[PDB]
file start.txt (compact mmCIF, C-alpha atoms)
# COMPACT_ATOMS: atom_id res chain seq x y z
CA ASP A 114 -52.80 19.71 0.68
CA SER A 115 -50.42 22.40 2.00
CA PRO A 116 -49.49 25.86 0.65
CA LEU A 117 -46.12 24.76 -0.76
CA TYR A 118 -47.75 22.81 -3.61
CA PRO A 119 -49.19 25.81 -5.56
CA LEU A 120 -45.91 27.72 -5.25
CA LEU A 121 -43.93 24.72 -6.49
CA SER A 122 -46.51 24.25 -9.25
CA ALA A 123 -46.28 27.93 -10.21
CA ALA A 124 -42.47 27.75 -10.11
CA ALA A 125 -42.54 24.83 -12.55
CA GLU A 126 -44.95 26.66 -14.86
CA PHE A 127 -42.55 29.59 -14.77
CA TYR A 128 -39.44 27.52 -15.51
CA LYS A 129 -40.89 25.69 -18.50
CA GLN A 130 -42.53 28.82 -19.92
CA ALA A 131 -39.12 30.50 -19.81
CA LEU A 132 -37.63 27.46 -21.54
CA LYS A 133 -40.05 28.22 -24.38
CA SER A 134 -39.95 32.00 -24.74
CA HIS A 135 -37.21 33.61 -22.67
CA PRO A 136 -34.40 35.80 -24.09
CA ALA A 137 -31.63 33.64 -22.58
CA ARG A 138 -33.27 30.43 -23.88
CA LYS A 139 -30.51 29.84 -26.45
CA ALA A 140 -28.04 28.09 -24.13
CA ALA A 141 -30.76 25.97 -22.50
CA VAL A 142 -32.70 24.85 -25.59
CA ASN A 143 -29.36 23.98 -27.22
CA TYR A 144 -28.60 21.60 -24.34
CA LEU A 145 -31.96 19.83 -24.72
CA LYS A 146 -31.71 19.81 -28.52
CA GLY A 147 -28.07 18.74 -28.20
CA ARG A 148 -29.37 15.65 -26.34
CA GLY A 149 -32.57 14.82 -28.24
CA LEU A 150 -34.59 15.92 -25.23
CA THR A 151 -36.92 18.11 -27.28
CA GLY A 152 -40.66 17.60 -27.58
CA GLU A 153 -41.65 14.20 -26.24
CA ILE A 154 -39.08 13.69 -23.46
CA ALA A 155 -39.14 17.33 -22.31
CA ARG A 156 -42.92 17.22 -21.90
CA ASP A 157 -42.86 13.89 -20.02
CA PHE A 158 -40.43 15.32 -17.45
CA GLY A 159 -41.71 18.92 -17.44
CA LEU A 160 -38.26 20.32 -18.20
CA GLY A 161 -37.79 24.03 -17.67
CA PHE A 162 -35.27 26.88 -17.58
CA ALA A 163 -34.20 29.04 -14.65
CA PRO A 164 -32.90 32.26 -16.27
CA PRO A 165 -29.67 33.88 -15.03
CA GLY A 166 -29.86 36.21 -12.05
CA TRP A 167 -30.78 36.35 -8.40
CA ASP A 168 -34.50 37.10 -8.28
CA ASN A 169 -36.32 35.97 -11.44
CA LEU A 170 -38.70 33.68 -9.55
CA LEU A 171 -38.77 36.19 -6.67
CA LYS A 172 -39.75 39.16 -8.85
CA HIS A 173 -42.18 36.90 -10.75
CA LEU A 174 -43.99 35.31 -7.78
CA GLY A 175 -43.53 38.02 -5.16
CA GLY A 176 -45.83 37.86 -2.17
CA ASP A 177 -45.94 39.17 1.36
CA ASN A 178 -43.56 37.84 4.01
CA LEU A 179 -45.80 34.82 4.62
CA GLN A 180 -45.74 33.86 0.95
CA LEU A 181 -41.98 34.48 0.97
CA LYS A 182 -41.51 32.14 3.94
CA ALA A 183 -43.49 29.52 2.03
CA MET A 184 -41.22 29.90 -1.00
CA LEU A 185 -38.21 29.46 1.28
CA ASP A 186 -39.76 26.46 3.02
CA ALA A 187 -40.54 24.91 -0.35
CA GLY A 188 -36.86 25.25 -1.23
CA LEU A 189 -37.34 27.87 -3.93
CA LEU A 190 -35.33 30.54 -2.12
CA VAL A 191 -32.04 30.66 -0.26
CA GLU A 192 -31.96 32.87 2.83
CA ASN A 193 -28.84 34.04 4.61
CA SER A 194 -29.68 32.97 8.15
CA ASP A 195 -27.72 35.99 9.46
CA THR A 196 -28.75 38.94 7.26
CA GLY A 197 -32.04 37.73 5.84
CA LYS A 198 -30.79 38.46 2.32
CA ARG A 199 -32.74 36.12 0.05
CA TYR A 200 -32.57 35.06 -3.59
CA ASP A 201 -33.55 32.29 -6.01
CA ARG A 202 -32.07 28.93 -5.12
CA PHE A 203 -31.97 27.93 -8.80
CA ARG A 204 -30.21 30.40 -11.10
CA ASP A 205 -29.18 29.93 -14.74
CA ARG A 206 -30.01 26.24 -14.91
CA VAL A 207 -32.00 23.58 -16.74
CA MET A 208 -34.81 22.63 -14.36
CA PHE A 209 -35.93 19.11 -13.43
CA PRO A 210 -39.16 19.20 -11.42
CA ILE A 211 -39.68 16.25 -9.07
CA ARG A 212 -43.16 14.78 -8.65
CA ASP A 213 -44.69 12.58 -5.96
CA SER A 214 -47.06 9.60 -6.42
CA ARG A 215 -49.97 11.89 -7.27
CA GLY A 216 -48.02 13.93 -9.83
CA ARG A 217 -47.54 16.96 -7.60
CA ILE A 218 -44.32 18.92 -8.03
CA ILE A 219 -42.57 18.62 -4.67
CA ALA A 220 -39.04 19.85 -5.49
CA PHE A 221 -36.49 20.60 -8.22
CA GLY A 222 -33.14 19.59 -9.55
CA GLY A 223 -31.14 21.95 -11.69
CA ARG A 224 -28.16 21.61 -14.02
CA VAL A 225 -25.93 24.64 -14.44
CA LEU A 226 -25.77 26.33 -17.85
CA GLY A 227 -22.75 28.40 -16.79
CA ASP A 228 -19.57 28.03 -14.77
CA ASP A 229 -20.97 28.54 -11.28
CA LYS A 230 -20.85 25.37 -9.18
CA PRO A 231 -22.42 22.89 -8.27
CA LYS A 232 -23.21 21.42 -11.70
CA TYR A 233 -26.24 19.68 -10.18
CA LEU A 234 -28.17 21.37 -7.37
CA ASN A 235 -30.91 19.51 -5.47
CA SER A 236 -33.63 21.03 -3.32
CA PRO A 237 -33.11 20.90 0.44
CA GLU A 238 -35.30 18.76 2.65
CA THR A 239 -38.74 20.38 2.89
CA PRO A 240 -42.07 19.37 4.46
CA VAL A 241 -43.22 17.98 1.08
CA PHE A 242 -39.85 16.66 -0.15
CA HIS A 243 -37.90 13.98 1.73
CA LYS A 244 -34.86 12.71 -0.16
CA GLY A 245 -35.00 9.35 1.62
CA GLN A 246 -38.57 8.65 0.53
CA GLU A 247 -38.70 10.04 -3.02
CA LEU A 248 -37.13 8.77 -6.22
CA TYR A 249 -36.69 10.99 -9.25
CA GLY A 250 -38.61 9.59 -12.20
CA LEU A 251 -40.79 7.15 -10.26
CA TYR A 252 -43.93 9.05 -11.27
CA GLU A 253 -42.92 9.15 -14.93
CA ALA A 254 -42.08 5.44 -15.03
CA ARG A 255 -45.43 4.49 -13.50
CA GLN A 256 -47.15 6.64 -16.15
CA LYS A 257 -45.33 4.89 -19.01
CA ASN A 258 -46.18 1.38 -17.74
CA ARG A 259 -48.80 0.40 -15.16
CA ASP A 260 -47.60 -3.24 -14.90
CA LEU A 261 -43.85 -2.79 -14.45
CA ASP A 262 -41.79 -5.95 -13.90
CA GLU A 263 -38.55 -4.22 -12.93
CA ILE A 264 -37.24 -0.83 -11.86
CA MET A 265 -33.70 0.37 -12.58
CA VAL A 266 -32.10 2.60 -9.92
CA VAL A 267 -29.42 5.06 -11.05
CA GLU A 268 -27.67 7.98 -9.43
CA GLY A 269 -28.64 11.19 -11.29
CA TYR A 270 -31.33 13.17 -13.09
CA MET A 271 -29.70 12.94 -16.50
CA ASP A 272 -29.16 9.19 -16.13
CA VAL A 273 -32.95 8.78 -15.91
CA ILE A 274 -33.57 11.23 -18.75
CA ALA A 275 -30.80 9.90 -21.02
CA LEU A 276 -32.05 6.32 -20.57
CA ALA A 277 -35.66 7.37 -21.25
CA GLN A 278 -34.54 9.07 -24.46
CA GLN A 279 -32.93 5.76 -25.50
CA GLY A 280 -36.07 3.72 -24.81
CA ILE A 281 -35.19 2.59 -21.27
CA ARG A 282 -38.17 4.07 -19.43
CA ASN A 283 -38.18 2.24 -16.05
CA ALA A 284 -35.23 4.08 -14.48
CA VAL A 285 -35.44 6.16 -11.31
CA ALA A 286 -32.75 8.01 -9.37
CA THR A 287 -31.81 8.65 -5.79
CA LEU A 288 -31.11 12.32 -5.35
CA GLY A 289 -27.52 12.38 -4.20
CA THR A 290 -28.49 10.12 -1.31
CA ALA A 291 -27.85 6.54 -0.35
CA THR A 292 -30.71 4.23 -1.18
CA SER A 293 -32.80 4.00 1.98
CA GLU A 294 -34.93 1.18 3.36
CA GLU A 295 -37.98 3.32 2.59
CA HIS A 296 -36.85 3.50 -1.03
CA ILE A 297 -36.70 -0.29 -1.12
CA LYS A 298 -40.13 -0.68 0.47
CA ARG A 299 -41.69 1.61 -2.17
CA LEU A 300 -39.94 -0.13 -5.07
CA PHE A 301 -40.92 -3.62 -3.87
CA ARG A 302 -44.55 -2.47 -3.64
CA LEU A 303 -44.36 -1.88 -7.40
CA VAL A 304 -42.01 -4.54 -8.80
CA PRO A 305 -40.49 -7.89 -7.78
CA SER A 306 -37.16 -6.99 -9.37
CA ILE A 307 -34.73 -4.10 -8.73
CA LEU A 308 -31.66 -3.45 -10.89
CA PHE A 309 -29.10 -1.12 -9.31
CA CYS A 310 -26.70 0.60 -11.65
CA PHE A 311 -23.64 2.32 -10.16
CA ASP A 312 -21.21 4.74 -11.80
CA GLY A 313 -17.57 3.88 -12.28
CA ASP A 314 -16.27 5.85 -9.29
CA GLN A 315 -15.63 5.19 -5.62
CA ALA A 316 -18.89 6.86 -4.57
CA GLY A 317 -20.69 4.40 -6.84
CA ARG A 318 -19.06 1.41 -5.15
CA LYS A 319 -19.75 2.77 -1.66
CA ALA A 320 -23.36 3.42 -2.67
CA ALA A 321 -23.78 -0.23 -3.75
CA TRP A 322 -22.97 -1.56 -0.30
CA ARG A 323 -25.32 0.93 1.38
CA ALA A 324 -27.98 -0.09 -1.13
CA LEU A 325 -27.41 -3.75 -0.24
CA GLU A 326 -27.81 -2.93 3.46
CA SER A 327 -31.08 -1.11 2.73
CA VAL A 328 -32.29 -4.12 0.71
CA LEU A 329 -31.58 -6.95 3.19
CA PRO A 330 -34.21 -6.21 5.90
CA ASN A 331 -36.84 -5.85 3.15
CA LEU A 332 -35.84 -8.87 1.05
CA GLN A 333 -38.85 -11.21 1.02
CA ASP A 334 -38.68 -14.50 -0.89
CA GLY A 335 -39.44 -14.18 -4.60
CA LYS A 336 -37.80 -10.79 -4.99
CA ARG A 337 -34.89 -10.20 -7.35
CA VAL A 338 -32.07 -7.67 -6.83
CA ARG A 339 -29.03 -7.16 -9.04
CA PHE A 340 -26.05 -4.79 -9.22
CA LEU A 341 -24.62 -3.47 -12.50
CA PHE A 342 -21.23 -1.79 -12.18
CA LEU A 343 -20.35 0.52 -15.06
CA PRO A 344 -16.79 0.87 -16.37
CA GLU A 345 -14.54 3.41 -14.69
CA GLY A 346 -15.43 6.98 -15.65
CA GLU A 347 -18.93 6.13 -16.92
CA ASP A 348 -22.46 6.76 -15.74
CA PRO A 349 -25.67 5.63 -17.48
CA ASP A 350 -26.01 9.07 -19.06
CA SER A 351 -22.66 9.06 -20.87
CA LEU A 352 -22.71 5.33 -21.48
CA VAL A 353 -26.18 4.97 -23.00
CA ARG A 354 -25.76 7.95 -25.34
CA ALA A 355 -22.47 6.36 -26.42
CA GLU A 356 -23.54 2.77 -27.11
CA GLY A 357 -27.33 3.04 -27.39
CA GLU A 358 -30.26 1.11 -25.98
CA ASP A 359 -29.55 -2.31 -27.46
CA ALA A 360 -25.94 -2.33 -26.30
CA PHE A 361 -26.86 -1.08 -22.83
CA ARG A 362 -29.51 -3.80 -22.52
CA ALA A 363 -26.99 -6.40 -23.66
CA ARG A 364 -24.56 -5.00 -21.07
CA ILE A 365 -27.15 -5.45 -18.30
CA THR A 366 -27.82 -9.04 -19.34
CA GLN A 367 -24.11 -9.77 -19.60
CA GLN A 368 -22.83 -8.05 -16.48
CA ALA A 369 -25.55 -7.49 -13.88
CA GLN A 370 -24.43 -9.28 -10.78
CA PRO A 371 -26.89 -11.08 -8.46
CA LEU A 372 -27.18 -9.66 -4.96
CA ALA A 373 -26.02 -12.90 -3.33
CA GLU A 374 -22.87 -13.08 -5.43
CA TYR A 375 -22.06 -9.42 -4.74
CA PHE A 376 -22.62 -10.05 -1.02
CA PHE A 377 -20.27 -13.04 -0.74
CA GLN A 378 -17.72 -11.57 -3.16
CA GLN A 379 -17.25 -8.36 -1.16
CA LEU A 380 -17.18 -10.15 2.20
CA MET A 381 -14.74 -12.80 0.96
CA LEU A 382 -12.44 -9.96 -0.06
CA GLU A 383 -12.62 -8.70 3.51
CA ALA A 384 -12.35 -12.15 5.15
CA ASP A 385 -10.64 -14.82 3.01
CA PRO A 386 -12.10 -18.19 4.04
CA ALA A 387 -9.08 -20.31 3.07
CA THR A 388 -8.00 -20.53 6.74
CA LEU A 389 -9.81 -21.40 9.95
CA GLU A 390 -9.48 -17.78 11.09
CA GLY A 391 -10.75 -16.41 7.79
CA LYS A 392 -13.70 -18.81 7.94
CA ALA A 393 -14.64 -17.54 11.40
CA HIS A 394 -14.12 -13.90 10.38
CA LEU A 395 -16.27 -14.38 7.26
CA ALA A 396 -19.13 -15.92 9.29
CA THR A 397 -18.85 -13.14 11.88
CA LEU A 398 -19.26 -10.48 9.19
CA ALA A 399 -22.02 -12.25 7.26
CA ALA A 400 -24.33 -13.72 9.92
CA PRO A 401 -25.71 -10.44 11.36
CA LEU A 402 -26.43 -9.25 7.83
CA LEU A 403 -28.19 -12.49 6.85
CA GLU A 404 -30.23 -12.60 10.04
CA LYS A 405 -32.06 -9.48 8.85
CA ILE A 406 -33.46 -11.06 5.66
CA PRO A 407 -37.22 -11.59 6.26
CA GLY A 408 -37.71 -14.03 3.38
CA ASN A 409 -37.37 -17.49 4.93
CA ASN A 410 -36.12 -19.34 1.84
CA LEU A 411 -33.63 -16.62 0.97
CA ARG A 412 -32.39 -16.46 4.56
CA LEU A 413 -32.00 -20.25 4.50
CA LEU A 414 -30.30 -20.09 1.11
CA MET A 415 -27.74 -17.49 2.21
CA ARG A 416 -27.07 -19.33 5.47
CA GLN A 417 -26.49 -22.48 3.45
CA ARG A 418 -23.95 -20.79 1.16
CA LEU A 419 -22.21 -19.41 4.24
CA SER A 420 -22.09 -22.94 5.71
CA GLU A 421 -20.69 -24.40 2.48
CA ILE A 422 -17.88 -21.80 2.37
CA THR A 423 -16.99 -21.73 6.08
CA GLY A 424 -17.79 -25.28 7.20
CA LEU A 425 -19.54 -23.81 10.22
CA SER A 426 -22.93 -25.04 11.38
CA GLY A 427 -25.80 -22.83 12.46
CA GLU A 428 -24.79 -23.55 16.05
CA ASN A 429 -21.23 -22.59 15.10
CA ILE A 430 -22.41 -19.51 13.19
CA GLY A 431 -24.75 -18.49 16.00
CA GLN A 432 -22.14 -19.02 18.74
CA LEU A 433 -19.63 -17.03 16.64
call {"tool": "encode", "arguments": {"input": "start.txt", "output": "structure tokens"}}
result
Amino acid sequence: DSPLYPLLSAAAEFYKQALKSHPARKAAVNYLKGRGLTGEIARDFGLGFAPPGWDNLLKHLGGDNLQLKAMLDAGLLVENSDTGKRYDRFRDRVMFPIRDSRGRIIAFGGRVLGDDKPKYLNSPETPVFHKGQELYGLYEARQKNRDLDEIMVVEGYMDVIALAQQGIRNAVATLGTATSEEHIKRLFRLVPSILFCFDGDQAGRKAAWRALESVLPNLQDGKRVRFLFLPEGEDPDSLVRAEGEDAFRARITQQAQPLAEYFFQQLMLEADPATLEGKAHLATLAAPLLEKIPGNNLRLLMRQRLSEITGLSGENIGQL
């Protein structure tokens, strides 16, 4: 219970109250209406509106220099570290408040309603917001279902919101970060099954391997992890609005790839085990990764597949 929480909470109350009754609301409300995000979904995710300009939240919250430092530390202001000039971090944007386990607003995402870049702006790291520990939408998914079987991990705010609007309400998002081991530990405390969904771009494919590396040291027996790769140029946002819930669920069932198949596929592309050298190279890449799996059956199962492909024993694999 620190002083950043009330400021963040007041900021959120400001941003959604402007979404309702602010002069510039037209562009914002049209985005939400233009995506079916009105009413139900907007309330579930506390959507708001940051009006255009430099100091709307500043001139609305104010405070002495100690309050101002707390707004900066909460990520609500940007300060020029040379001149001290300060202004709202989030300007002319649709606002996505981020909540922790207890429902407390800890940070914000914002989508631009103009031409200024970046289209999506995250909060910086703050004492109440750590990007490697938090997942956007985790609070909202736990509210919708207390006994979740599976969590879907996606890359962006609108992926979570678009999916929720289509009836897929167990999606959470990393916040422009690689999935961390701490992310995996929190997900596995809630569900035995994680479905990763990656955009059709090179950053999506790189993020899948980093996600697999975060998963391995936390992969106990009886857990289930899969990777769904979307067609080039797509993300869950665009895709699910295009083809709808039923088709996206069919796509998952059809095309989600098991972790173990993704693991051996990618490594066999790096080290082709047709030859004696490729077999040794493949075992040299795989073994240190497999050694980290804590689940004893799964570690044995992956070692066994590696042995079948490479013809190398454990003594061979160890000595290599």
call {"tool": "atom_distance", "arguments": {"input": "start.txt", "atom1": "atom CA of residue 347 of chain A", "atom2": "atom CA of residue 313 of chain A"}}
result
5.3 Å
call {"tool": "closest_atom_pairs", "arguments": {"input": "start.txt", "of": "segment 128-174 of chain A", "to": "segment 243-262 of chain A", "cutoff": "12 Å", "atoms": "only C-alpha atoms", "output": "Markdown table"}}
result
| residue | atom | partner | partner_atom | distance |
| --- | --- | --- | --- | --- |
| A:154 | CA | A:253 | CA | 10.4 |
| A:155 | CA | A:253 | CA | 11.6 |
| A:156 | CA | A:253 | CA | 10.7 |
| A:157 | CA | A:253 | CA | 7.0 |
| A:158 | CA | A:253 | CA | 7.1 |
| A:159 | CA | A:253 | CA | 10.2 |
call {"tool": "residues_near_point", "arguments": {"input": "start.txt", "point": "(-26.2, 5.7, -0.6)", "cutoff": "6 Å", "atoms": "only C-alpha atoms", "output": "list in words"}}
result
residues 290, 291, 292, 320 and 323 of chain A
call {"tool": "residues_around", "arguments": {"input": "start.txt", "residues": "residue 410 of chain A", "least_positions_apart": "5", "cutoff": "12 Å", "atoms": "only C-alpha atoms", "output": "CSV table (one decimal) with C-alpha atoms, in the coordinates of the input"}}
result
chain,number,residue,atom,x,y,z
A,332,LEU,CA,-35.8,-8.9,1.0
A,333,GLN,CA,-38.8,-11.2,1.0
A,334,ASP,CA,-38.7,-14.5,-0.9
A,335,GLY,CA,-39.4,-14.2,-4.6
A,336,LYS,CA,-37.8,-10.8,-5.0
A,403,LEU,CA,-28.2,-12.5,6.8
A,415,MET,CA,-27.7,-17.5,2.2
A,416,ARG,CA,-27.1,-19.3,5.5
A,417,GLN,CA,-26.5,-22.5,3.4
call {"tool": "atom_distance", "arguments": {"input": "start.txt", "atom1": "atom CA of residue 153 of chain A", "atom2": "atom CA of residue 309 of chain A"}}
result
26.1 Å
call {"tool": "atom_distance", "arguments": {"input": "start.txt", "atom1": "atom CA of residue 237 of chain A", "atom2": "atom CA of residue 192 of chain A"}}
result
12.3 Å
call {"tool": "residues_around", "arguments": {"input": "start.txt", "residues": "residue 406 of chain A", "least_positions_apart": "6", "cutoff": "7 Å", "atoms": "all atoms listed in the file", "output": "compact mmCIF listing (two decimals) with C-alpha atoms, in the coordinates of the input"}}
result
# COMPACT_ATOMS: atom_id res chain seq x y z
CA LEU A 329 -31.58 -6.95 3.19
CA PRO A 330 -34.21 -6.21 5.90
CA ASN A 331 -36.84 -5.85 3.15
CA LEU A 332 -35.84 -8.87 1.05
CA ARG A 412 -32.39 -16.46 4.56
call {"tool": "closest_residue", "arguments": {"input": "start.txt", "among": "A:230, A:135, A:299, A:173", "to": "residue 264 of chain A", "atoms": "only C-alpha atoms"}}
result
A:299
call {"tool": "residues_around", "arguments": {"input": "start.txt", "residues": "residue 386 of chain A", "least_positions_apart": "5", "cutoff": "8 Å", "atoms": "only C-alpha atoms", "output": "list in words"}}
result
residues 381, 391, 392, 393, 394, 395, 422 and 423 of chain A
call {"tool": "residues_around", "arguments": {"input": "start.txt", "residues": "segment 339-341 of chain A", "least_positions_apart": "6", "cutoff": "6 Å", "atoms": "only C-alpha atoms", "output": "ChimeraX atom specification"}}
result
/A:308-310,369-372
call {"tool": "residues_around", "arguments": {"input": "start.txt", "residues": "residue 431 of chain A", "least_positions_apart": "5", "cutoff": "9 Å", "atoms": "all atoms listed in the file", "output": "PyMOL selection string"}}
result
chain A and resi 397+400+426
call {"tool": "closest_residue", "arguments": {"input": "start.txt", "among": "A:196, A:122, A:178, A:327", "to": "residue 294 of chain A", "atoms": "all atoms listed in the file"}}
result
A:327
call {"tool": "closest_residue", "arguments": {"input": "start.txt", "among": "A:337, A:211, A:399, A:265", "to": "residue 383 of chain A", "atoms": "all atoms listed in the file"}}
result
A:399
call {"tool": "closest_residue", "arguments": {"input": "start.txt", "among": "A:161, A:424, A:349, A:144", "to": "residue 129 of chain A", "atoms": "all atoms listed in the file"}}
result
A:161
call {"tool": "closest_residue", "arguments": {"input": "start.txt", "among": "A:275, A:163, A:220, A:382", "to": "residue 147 of chain A", "atoms": "all atoms listed in the file"}}
result
A:275
call {"tool": "closest_residue", "arguments": {"input": "start.txt", "among": "A:238, A:427, A:312, A:401", "to": "residue 413 of chain A", "atoms": "all atoms listed in the file"}}
result
A:427
call {"tool": "residues_near_point", "arguments": {"input": "start.txt", "point": "(-31.0, 21.5, -11.8)", "cutoff": "8 Å", "atoms": "all atoms listed in the file", "output": "ChimeraX atom specification"}}
result
/A:203,206-209,221-225,232-235
call {"tool": "axis_aligned_box", "arguments": {"input": "start.txt", "around": "segment 291-299 of chain A", "padding_each_side": "8 Å", "output": "JSON"}}
result
{"center_x": -34.8, "center_y": 2.9, "center_z": 0.6, "size_x": 29.8, "size_y": 23.2, "size_z": 21.5}
call {"tool": "build_atoms", "arguments": {"input": "start.txt", "residues": "segment 227-248 of chain A", "atoms": "N, CA and C atoms", "output": "PDB file, in the frame of the given file"}}
result
ATOM      1  N   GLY A 227     -23.902  27.536 -16.837  1.00  0.00           N
ATOM      2  CA  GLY A 227     -22.750  28.400 -16.790  1.00  0.00           C
ATOM      3  C   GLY A 227     -21.581  27.707 -16.113  1.00  0.00           C
ATOM      4  N   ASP A 228     -20.750  28.521 -15.463  1.00  0.00           N
ATOM      5  CA  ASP A 228     -19.570  28.030 -14.770  1.00  0.00           C
ATOM      6  C   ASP A 228     -19.690  28.057 -13.259  1.00  0.00           C
ATOM      7  N   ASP A 229     -20.754  28.635 -12.711  1.00  0.00           N
ATOM      8  CA  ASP A 229     -20.970  28.540 -11.280  1.00  0.00           C
ATOM      9  C   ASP A 229     -21.164  27.073 -10.899  1.00  0.00           C
ATOM     10  N   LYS A 230     -20.630  26.691  -9.747  1.00  0.00           N
ATOM     11  CA  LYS A 230     -20.850  25.370  -9.180  1.00  0.00           C
ATOM     12  C   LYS A 230     -21.999  25.428  -8.182  1.00  0.00           C
ATOM     13  N   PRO A 231     -22.601  24.274  -7.813  1.00  0.00           N
ATOM     14  CA  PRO A 231     -22.420  22.890  -8.270  1.00  0.00           C
ATOM     15  C   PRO A 231     -23.155  22.602  -9.573  1.00  0.00           C
ATOM     16  N   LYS A 232     -22.602  21.706 -10.401  1.00  0.00           N
ATOM     17  CA  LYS A 232     -23.210  21.420 -11.700  1.00  0.00           C
ATOM     18  C   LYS A 232     -24.638  20.931 -11.537  1.00  0.00           C
ATOM     19  N   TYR A 233     -24.890  20.102 -10.527  1.00  0.00           N
ATOM     20  CA  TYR A 233     -26.240  19.680 -10.180  1.00  0.00           C
ATOM     21  C   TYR A 233     -26.549  20.161  -8.775  1.00  0.00           C
ATOM     22  N   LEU A 234     -27.676  20.862  -8.643  1.00  0.00           N
ATOM     23  CA  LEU A 234     -28.170  21.370  -7.370  1.00  0.00           C
ATOM     24  C   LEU A 234     -29.521  20.721  -7.092  1.00  0.00           C
ATOM     25  N   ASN A 235     -29.635  20.046  -5.946  1.00  0.00           N
ATOM     26  CA  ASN A 235     -30.910  19.510  -5.470  1.00  0.00           C
ATOM     27  C   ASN A 235     -31.624  20.550  -4.600  1.00  0.00           C
ATOM     28  N   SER A 236     -32.908  20.297  -4.349  1.00  0.00           N
ATOM     29  CA  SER A 236     -33.630  21.030  -3.320  1.00  0.00           C
ATOM     30  C   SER A 236     -33.188  20.542  -1.943  1.00  0.00           C
ATOM     31  N   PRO A 237     -33.307  21.381  -0.922  1.00  0.00           N
ATOM     32  CA  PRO A 237     -33.110  20.900   0.440  1.00  0.00           C
ATOM     33  C   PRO A 237     -34.299  20.044   0.859  1.00  0.00           C
ATOM     34  N   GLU A 238     -34.154  19.384   2.001  1.00  0.00           N
ATOM     35  CA  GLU A 238     -35.300  18.760   2.650  1.00  0.00           C
ATOM     36  C   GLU A 238     -36.363  19.812   2.957  1.00  0.00           C
ATOM     37  N   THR A 239     -37.604  19.523   2.596  1.00  0.00           N
ATOM     38  CA  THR A 239     -38.740  20.380   2.890  1.00  0.00           C
ATOM     39  C   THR A 239     -39.879  19.535   3.443  1.00  0.00           C
ATOM     40  N   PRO A 240     -40.948  20.166   3.940  1.00  0.00           N
ATOM     41  CA  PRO A 240     -42.070  19.370   4.460  1.00  0.00           C
ATOM     42  C   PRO A 240     -42.792  18.539   3.409  1.00  0.00           C
ATOM     43  N   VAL A 241     -42.610  18.807   2.116  1.00  0.00           N
ATOM     44  CA  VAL A 241     -43.220  17.980   1.080  1.00  0.00           C
ATOM     45  C   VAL A 241     -42.197  17.175   0.302  1.00  0.00           C
ATOM     46  N   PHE A 242     -40.907  17.353   0.576  1.00  0.00           N
ATOM     47  CA  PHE A 242     -39.850  16.660  -0.150  1.00  0.00           C
ATOM     48  C   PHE A 242     -38.891  16.037   0.854  1.00  0.00           C
ATOM     49  N   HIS A 243     -38.876  14.709   0.924  1.00  0.00           N
ATOM     50  CA  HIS A 243     -37.900  13.980   1.730  1.00  0.00           C
ATOM     51  C   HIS A 243     -37.049  13.109   0.814  1.00  0.00           C
ATOM     52  N   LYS A 244     -35.745  13.383   0.789  1.00  0.00           N
ATOM     53  CA  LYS A 244     -34.860  12.710  -0.160  1.00  0.00           C
ATOM     54  C   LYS A 244     -34.795  11.212   0.077  1.00  0.00           C
ATOM     55  N   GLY A 245     -35.033  10.758   1.307  1.00  0.00           N
ATOM     56  CA  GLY A 245     -35.000   9.350   1.620  1.00  0.00           C
ATOM     57  C   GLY A 245     -36.272   8.584   1.339  1.00  0.00           C
ATOM     58  N   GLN A 246     -37.313   9.274   0.882  1.00  0.00           N
ATOM     59  CA  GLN A 246     -38.570   8.650   0.530  1.00  0.00           C
ATOM     60  C   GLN A 246     -38.890   8.745  -0.950  1.00  0.00           C
ATOM     61  N   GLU A 247     -38.373   9.760  -1.632  1.00  0.00           N
ATOM     62  CA  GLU A 247     -38.700  10.040  -3.020  1.00  0.00           C
ATOM     63  C   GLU A 247     -37.627   9.493  -3.943  1.00  0.00           C
ATOM     64  N   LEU A 248     -38.038   9.190  -5.165  1.00  0.00           N
ATOM     65  CA  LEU A 248     -37.130   8.770  -6.220  1.00  0.00           C
ATOM     66  C   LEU A 248     -37.459   9.572  -7.461  1.00  0.00           C
TER      67      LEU A 248
END
